[PDB]
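Worksheet: one structure, shown below.
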Amino acid sequence: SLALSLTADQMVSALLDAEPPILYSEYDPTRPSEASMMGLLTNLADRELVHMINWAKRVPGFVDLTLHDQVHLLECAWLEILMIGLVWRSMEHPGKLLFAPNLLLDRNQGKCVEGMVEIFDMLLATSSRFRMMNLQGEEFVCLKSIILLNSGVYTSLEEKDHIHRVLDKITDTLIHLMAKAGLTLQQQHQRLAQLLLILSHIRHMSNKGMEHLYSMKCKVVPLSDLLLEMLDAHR
Amino acid sequence: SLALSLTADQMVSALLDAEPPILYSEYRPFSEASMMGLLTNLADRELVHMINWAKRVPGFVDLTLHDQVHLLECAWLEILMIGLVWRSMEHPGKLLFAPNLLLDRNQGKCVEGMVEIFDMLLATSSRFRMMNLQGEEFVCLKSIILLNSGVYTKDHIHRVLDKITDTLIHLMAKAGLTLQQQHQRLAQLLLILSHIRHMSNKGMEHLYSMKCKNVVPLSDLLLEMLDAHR
Amino acid sequence: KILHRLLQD
Amino acid sequence: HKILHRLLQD
Ligand SMILES: C[C@]12CC[C@@H]3c4ccc(O)cc4CC[C@H]3[C@@H]1CC[C@@H]2Nc1ccccc1
């Protein structure tokens with residue numbers, strides 16, 4: 001009942017106040033391999049997963065759901081949420097992806113692991129896309145919560161209409177923010193459409209990344225037991 | 001460009017006029033090899049009409065030939081799916097691949113991995129059915145898929161996407177929806193496109209494994225569209 | 001399920 | 001070369 005009762009600014013406050021921290025990697029610049037970089041990124045994503053799970057419980061309405069539903073939404077959206085966060089961190093670093101403050105990688109270093117290059121370029125294009133749009137942090141936290149609630153919603157239970165009720169609320173928040181920035185009604189709609197079309201590409205990168213991840217398993221730095229469980233959820 | 005100089009109604013009518021035809025299947029209960037043969041035969045014939053539908057999408061001929069190839073290679077399975085999902089709207093629990101080929105979830109169990117994609121498609125059509133998705137909205141969503149799915153892999157394309165967004169709102173303001181109902185339905189429609197992309201990626205992978213399984217051979221065109229995703 | 005557990009704490 | 005080029009040009 002709380003999520004439906006919040007206001008637009010009350011929405012932005014909770015989301016902004018719920019932001020997980022930017023974690024550091026175990027990267028050592030004294031050493032340059034493919035396996036080294038691969039194990040670094042998966043170790044970081046594993047530690048980020050713990051913060052995301054407790055971040056999701058801070059997302060308005062998410063704790064009103066059954067827990068079978070919370071598992072499913074996170075199992076389907078976790079890599080999307082990691083990717084959009086990475087892309088947001090990298091906005092002010094053209095040509096580079098900021099996986100962590102001590103780990104800033106560009107194209108040539110991303111090619112060190114096979115198949116990573118294409119996903120690397122898609123992540124760069126997304127971060128560059130957020131750069132042209134001048135994406136605001138208030139809009140980012142809104143998009144990230146939309147990914148959590150929308151990615152698994154299409155997979156008796158009255159919980160779906162509640163989720164869509166939360167989703168419409170977040171749309172009102174995004175529109176409320178764009179009106180504050182002095183956009184016209186036509187500008188608010190176009191910008192709302194542009195932001196949501198990015199989520200289609202973020203879904204695409206996630207599917208591609210999830211399959212390159214399941215091959216890294218079958219191929220060799222192992223992954224954490226949490227990452228393997230999240231990976232079994234997609235396979 | 002001529003696409004930007006179009007009113008919202010002139011945009012709707014151009015898209016409706018460009019609609020490809022509904023094709024028929026070839027015509028016994030289904031084996032795995034028989035159902036996949038009919039599905040890939042139908043998809044191959046539809047791709048020829050989709051290419052000519054794409055050239056009639058406003059602004060699509062303005063792109064270079066390379067950009068046309070890229071956008072179609074990316075979105076072709078998405079476009080087929082949103083067409084299947086739109087046709088199956090007034091047939092709950094069923095998927096209308098062709099007027100003579102209406103399948104349900106049990107017939108999806110005929111093929112390995114087809115059942116999961118089947119349920120995702122039935123859920124999408126059910127979602128449209130509950131939103132009362134209109135044909136003028138559907139033709140806008142399908143064109144959005146064409147121009148958006150491969151654009152991140154461009155300034156003109158985003159100008160046409162904005163034009164279609166103007167067209168969608170223009171349609172919803174006609175139906176009598178308030179301003180708030182216009183953002184929300186616009187957001188709800190575009191959020192479906194994320195799921196449609198998800199189904200395309202899953203279907204593209206099953207099509208790839210069926211290629212190496214080599215049950216039914218595929219047309220060279222359908223194989224070239226499939227190879228572009230590898 | 002680890003995710004099931006971490007959501008409980 | 002690609003069949004897609006033909007149908008896009010015809
Ligand atoms: C690729 C696919 C068969 C073709 C399907 C199709 C055909 C015509 C049409 O108008 C729409 C669609 C939408 C779905 C398409 C299917 C996606 C999954 C199918 N392929 C497949 C291959 C091996 C195993 C399981 C599924």
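Numbering starts at 1 and runs along the chain as displayed.
Note: Cβ is positioned from N, Cα and C throughout, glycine not excepted.
Taken from Swiss-Prot as is:
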BINDING   A:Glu48, A:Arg89, A:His212  17beta-estradiol binding site
LIPID     A:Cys142  S-palmitoyl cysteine
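Mapped onto this structure are the features recorded in Swiss-Prot.
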{"residue": "A:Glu48", "record": "17beta-estradiol binding site", "Cβ within 10 Å": "22"}
{"residue": "A:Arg89", "record": "17beta-estradiol binding site", "Cβ within 10 Å": "17"}
{"residue": "A:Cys142", "record": "S-palmitoyl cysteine", "Cβ within 10 Å": "21"}
{"residue": "A:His212", "record": "17beta-estradiol binding site", "Cβ within 10 Å": "15"}
Checklist entry - In Å, rounded, how far does the Cα of A:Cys142 (S-palmitoyl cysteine) sit from the Cα of A:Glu48 (17beta-estradiol binding site)? => result 19
Next on the checklist: Could you tell me the whole-number distance in angstrom separating the Cα atoms of A:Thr155 and A:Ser156, on either side of the 7 residues that were not modelled?
Outcome noted: 14
Checklist entry - In DSSP terms, helix, strand or coil for A:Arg89 (17beta-estradiol binding site)? => result helix
Item to check | Most distant Cα pair in Å, residues A:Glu48, A:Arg89, A:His212 binding 17beta-estradiol | outcome: 23
